[PDB]
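So basically every Cβ, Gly included, is an ideal-geometry build from the backbone, and we count neighbours across all protein chains shown. Where a number appears in this text, it was derived from the coordinates with a stated rule and is not lab data.
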Amino acid sequence: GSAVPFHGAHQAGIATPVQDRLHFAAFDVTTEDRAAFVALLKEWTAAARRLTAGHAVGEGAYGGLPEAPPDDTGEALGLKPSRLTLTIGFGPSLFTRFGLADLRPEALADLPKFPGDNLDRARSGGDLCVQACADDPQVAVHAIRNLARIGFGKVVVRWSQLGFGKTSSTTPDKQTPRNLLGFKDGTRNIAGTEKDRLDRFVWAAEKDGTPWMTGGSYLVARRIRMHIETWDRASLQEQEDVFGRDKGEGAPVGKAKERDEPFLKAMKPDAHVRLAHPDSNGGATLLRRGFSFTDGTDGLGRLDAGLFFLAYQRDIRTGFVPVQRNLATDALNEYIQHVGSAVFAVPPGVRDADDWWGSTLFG
Amino acid sequence: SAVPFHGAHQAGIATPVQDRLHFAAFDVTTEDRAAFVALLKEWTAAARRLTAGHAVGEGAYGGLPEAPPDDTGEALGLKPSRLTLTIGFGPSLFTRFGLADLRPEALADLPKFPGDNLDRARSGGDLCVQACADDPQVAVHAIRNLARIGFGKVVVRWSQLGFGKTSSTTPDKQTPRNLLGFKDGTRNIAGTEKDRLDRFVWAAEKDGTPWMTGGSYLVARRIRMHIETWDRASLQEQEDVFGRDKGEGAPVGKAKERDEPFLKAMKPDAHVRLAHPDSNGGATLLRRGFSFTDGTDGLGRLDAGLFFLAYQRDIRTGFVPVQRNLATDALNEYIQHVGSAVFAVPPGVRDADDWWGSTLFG
Ligand code: HEM
Ligand code: HEM
């Protein structure tokens, strides 16, 4: 039920405990007026401060002039904050606008092409994103819908993704959730309490070269289809060999308990965990924060499902990219396909009631 | 925690409404009646496991290394979560297995209605399974595993996820709001109302289809909302569309949500006025639908709405007259019916030896 604080050095929704639901929206900018865009960021911030406290935006959902559309669309009336977080990010394409070219962060690297991808361009990229996470899906949709409405005429929704259930953990003291392949996903991640690891691996620092991004992070989103029919035909041992962990307990091969440290050399050479581990990737460590999805059927008799992968890191070049490169030979590749992608620079936090999303970028 | 699976009636009709839905329509590929009965028995056994929070078959792990696990594993560590699994039989089922004359007359095909825009690929179906639970992953796991168990005998035609309230934080007695921001459910048949269920929801033997006694008939409509145009309407326009105020949800002229409506005070094509039993020869529904939000369409607009479900004793005396009377509804400007199906939902699984469809198949 409770609220997650909206203000801080960092935006919430990163280190925060992972909530049950996701509504992620990517927007494109339509206005060429920088002052109008700044005004939108401030109005959006004000809205987010209301939303994340369980309050209606603007002057509320009713009680205004009868002839006026309500300021808030009303479907969150009577609900709780439900741990809603709203996290904004700026895509590389934003920096072509508003005289921002020289402020594009070097750590906001475009991804290379990866073997096997079939990326839907229409559901990739975006000038900006808002990640809405909450325990109540109606709270999350209300937030996105009202931000979109506020932004009408200045931004448009390019694409969106709903996540029905989490597949990630920033809280190793709680149960690790399972993805739709049936495996625990999030055992060896980064905890919200691991201050030093967050500083090392997640938060941008001023000396990294982009002052406005200090206390921000960089986000990679990958929409990944799962080949459920093929997976579900695989043997237990094939599935366990793919990952390098057993399925029921989720321990590394040869170990009895989920959180026992892996002995990588006992895994298959191609195993996902072996290839993805920091030790395989120059120490590169990610904060994974994704969710599962299911998008109807394939039209031909089969349920369609997948995982909407999210990773936060201090630098895309030393986080996602080396890891995904090392997954070129991953045994998992037989059962997945990346079908959408985007990257964003997620600014530092909203410091207090007078601050606003993007203030360090825009001034 | 759990809702009992066995009973005179299938659970998921009159039982308390859960927070989440995974609804699947299936088409039958087998022509062999004995093989189909064998599937119904296997599905029943699976449903007994699933609704008690247990893995299907021999489980999700621990079996022979070389064998695919019987259960795909994504519900391990979760709870029963009030899961119910409710099966229904579409009109098209009855053209198989020599069942033709056992198609109930109360399982009427819907007429075409003004403004319909039905996607035929997301309509119909030989069978349905309505999975409802508080944890969406529990519902998805159930549908995924039933589909897996049935593969070779059935395929999935279409699939819809939905949500209502989140009961951890929202009082059970509080009426849900739909995505237009209005309370939705105020005047409905509740599963507590045993006498009203016998009048309006359960099929009786005397109604003409003995195998259906204690079953019900289900209408599903996938109803998209034009969210952005709705949100541009004034508060008074919105309230006029329904005949209730938005904040409290009281009828025009009344102070409280649950005060009985005075229909004459509503506009003549207000939704409540057109939908009320008094306007429809006494026709009364058990509405049991769920909101949906599926994404953004190819114009940037929200793909969202109501996955409307109604249970009734006879489609001809329930949904059809009411929907016909919505032809001039002021709501029509803001909605579009884009998927549809009907199903005969049999009586319950009476005990541990019984199986879904036993009254139909014998
Ligand atoms: C549908 C796709 C994916 C599935 C099903 C999946 C599944 C898993 C599972 C079951 C684990 C073991 C438990 C744990 O989190 O420690 C794991 C670990 C991991 N995954 Fe994935 N994963 C997927 C995609 C990716 C991608 C795209 C990346 C990065 C490019 C990635 C990076 C990692 C990392 C870094 C670990 C932890 C390794 C360690 O330090 O022990 N995963 N994944
Ligand atoms: C997206 C579409 C729809 C929306 C947003 C909607 C919304 C509402 C709302 C807000 C109410 C008032 C509160 C309540 O008593 O539940 C209501 C009542 C009702 N609706 Fe709808 N409805 C929709 C579609 C339908 C359809 C398709 C039918 C049947 C064909 C239907 C039948 C009813 C009935 C019977 C009532 C109760 C009237 C009474 O007895 O007072 N609705 N609906």
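Add +1 for every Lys or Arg and -1 for every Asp or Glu among the other residues with Cβ under 13 Å from the Cβ of B:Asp329, and state the total.
Local net charge: 0.
Can you work out the Karplus-derived ³J(HN,Hα) for every residue in segment B:197-203? Use 6.51 cos²θ - 1.76 cosθ + 1.60 with θ = phi - 60°, whole Hz, and x for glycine or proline.
So the Karplus estimates, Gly and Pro as x, are 5, 5, 6, 10, 10, 7, 5 Hz.
Give the long-range amide H neighbours of A:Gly340: residues separated by 5 or more places, or on another chain, with amide H under 5 Å away, using H modelled in the peptide plane at 1.01 Å from N.
Here the answer is A:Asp120, A:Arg223, since their amide H atoms fall under 5 Å of that of A:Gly340.
Only loop residues by DSSP count here, and only those with at most 11 other Cβ atoms within 10 Å; note down the trypsin sites (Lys or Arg not before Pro) in segment A:102-139 that meet that.
Here the trypsin sites (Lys or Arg not before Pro) that fit, given the DSSP loop and packing criteria, are A:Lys113.
In debye to the nearest 20, how big a dipole does segment A:301-363 give about its Cα centre with +1 on each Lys and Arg Cβ and -1 on each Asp and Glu Cβ?
Dipole magnitude for segment A:301-363 comes out near 200 debye.
Show which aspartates and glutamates lie in cross-link reach of A:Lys257 when reach means a straight Cα distance below 18 angstrom and same-chain residues fewer than eight apart are skipped.
A:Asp173, A:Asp185, A:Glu240, A:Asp241, A:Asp246, A:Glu249
Per residue of segment A:66-76, what does 6.51 cos²θ - 1.76 cosθ + 1.60 with θ = phi - 60° give for ³J(HN,Hα)? Whole Hz please, x for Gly and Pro, Karplus curve as stated.
In residue order, the calculated couplings are x, 7, 9, x, x, 5, 10, 6, x, 7, 9 Hz.
Cross-link candidates for B:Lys206: which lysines have Cα within less than 27 Å, leaving aside residues fewer than 8 places away along the same chain?
Within the straight-line cut-off, B:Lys206 pairs with B:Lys194.
A:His55 to B:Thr192: FRET efficiency via 1/(1 + (r/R0)^6), r the Cβ-Cβ distance, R0 25 Å, to the nearest 0.05?
0.15
What is the distance in Å between the Cα centroid of segment B:182-240 and that of segment B:251-271?
18 Å
Based on other C-beta atoms within 10 Å, arrange B:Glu205, A:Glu249 from fewest to most.
Ranking B:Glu205, A:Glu249 by Cβ neighbours within 10 Å, fewest first, gives B:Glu205, A:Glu249.
Can you run phi through the Karplus equation (6.51, -1.76, 1.60; θ = phi - 60°) for segment A:308-322 and list ³J(HN,Hα) in whole Hz, with x for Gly and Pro?
Values per residue, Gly and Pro as x: 9, 7, 10, 9, 9, 7, 5, 7, 4, 5, 10, x, 4, 4, x Hz.
So what is the relative contact order for segment B:20-361, in percent, with contacts set as C-alpha pairs under 8 Å and at least six apart?
Answer for segment B:20-361 is 25 percent.
For a 24 Å ceiling on Cα separation, which of these pairs sit above it: B:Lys112/B:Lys183; B:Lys41/B:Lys153; A:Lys166/A:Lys247?
Violating the 24 Å Cα-Cα cut-off are B:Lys112/B:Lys183.
Give, as a single signed number, the net charge of other residues whose beta carbon lies under 14 Å from the beta carbon of B:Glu74, with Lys and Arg counted +1 and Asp and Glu -1.
Charge balance in the 14 Å sphere: +2.
Round to a whole angstrom and tell me the spacing of the C-alpha centers of segment B:18-40 and segment A:11-81.
42 Å
Skipping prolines and chain starts, which residues have an amide H placed within reach, meaning under 5 Å, of the one on B:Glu58, given they are 5 or more residues away or on another chain?
When sequence neighbours closer than 5 places are left aside, the close amide H contacts are B:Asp70.
By counting other Cβ atoms within 10 Å of each Cβ, how are B:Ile189, B:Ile227 ranked from fewest to most?
Sorted ascending by nearby Cβ count, the order is B:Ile189, B:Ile227.
Taking the Cβ-Cβ separation of B:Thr30 and B:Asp353 as r and a Förster radius of 22 Å, what is the calculated FRET efficiency to the nearest 0.05?
The calculated FRET efficiency here is 0.45.
Tell me the relative contact order for segment A:1-114 as a rounded percent, counting alpha carbon contacts under 8 Å between residues six or more apart.
Relative CO of segment A:1-114 lands at 33 percent.
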